[PDB]
Amino acid sequence: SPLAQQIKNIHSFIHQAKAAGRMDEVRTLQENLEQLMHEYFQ
Amino acid sequence: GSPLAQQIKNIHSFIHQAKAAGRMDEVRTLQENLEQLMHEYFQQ
Ligand SMILES: [Zn+2]
Ligand SMILES: [Zn+2]
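So the protein sequences, as listed, match chains B and A. The number in the entry's author numbering is simply the position in the first sequence, starting from 1, with 1 added. So that you can map any letter, position 12 of the second sequence is 12 in the entry's author numbering, and since no number is skipped, the others follow by simple counting.
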């Protein structure tokens, strides 16, 4: 699924942003994750 | 889906419900739990 793959990608990006000290970027990525989950679980 | 996918689906719903209840502290707990489940799901 392209949705599943995007969710997987975002999981990794969240780790990368956290490791860089960019908790602001984590927040945006969590919003991206919500957009995808809302579609995937519909 | 798998048990982890089903659990994740529930957490997605619970986050909306906690926001509606004004419980942003619960949202934080749930987002941490979501990460724990996703981490396990992708480790498999
Ligand atoms: Zn949603
Ligand atoms: Zn993780």
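All residues carry an ideal CB built from backbone N, CA and C; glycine is no exception.
Where does residue i land, buried or exposed, given buried means 16+ other C-beta within 10 angstroms?
i	result
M24/B	exposed
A18/B	buried
My guess is that residue i and residue j are in contact by the Cβ rule of under 8 Å, so how many angstroms apart are they, rounded?
i	j	result
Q7/A	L30/A	That pair is no contact at about 11 Å.
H39/A	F42/B	That pair is no contact at about 19 Å.
Any idea what DSSP makes of residue i, helix, strand or coil?
i	result
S13/B	helix
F42/B	coil
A5/A	helix
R23/B	coil
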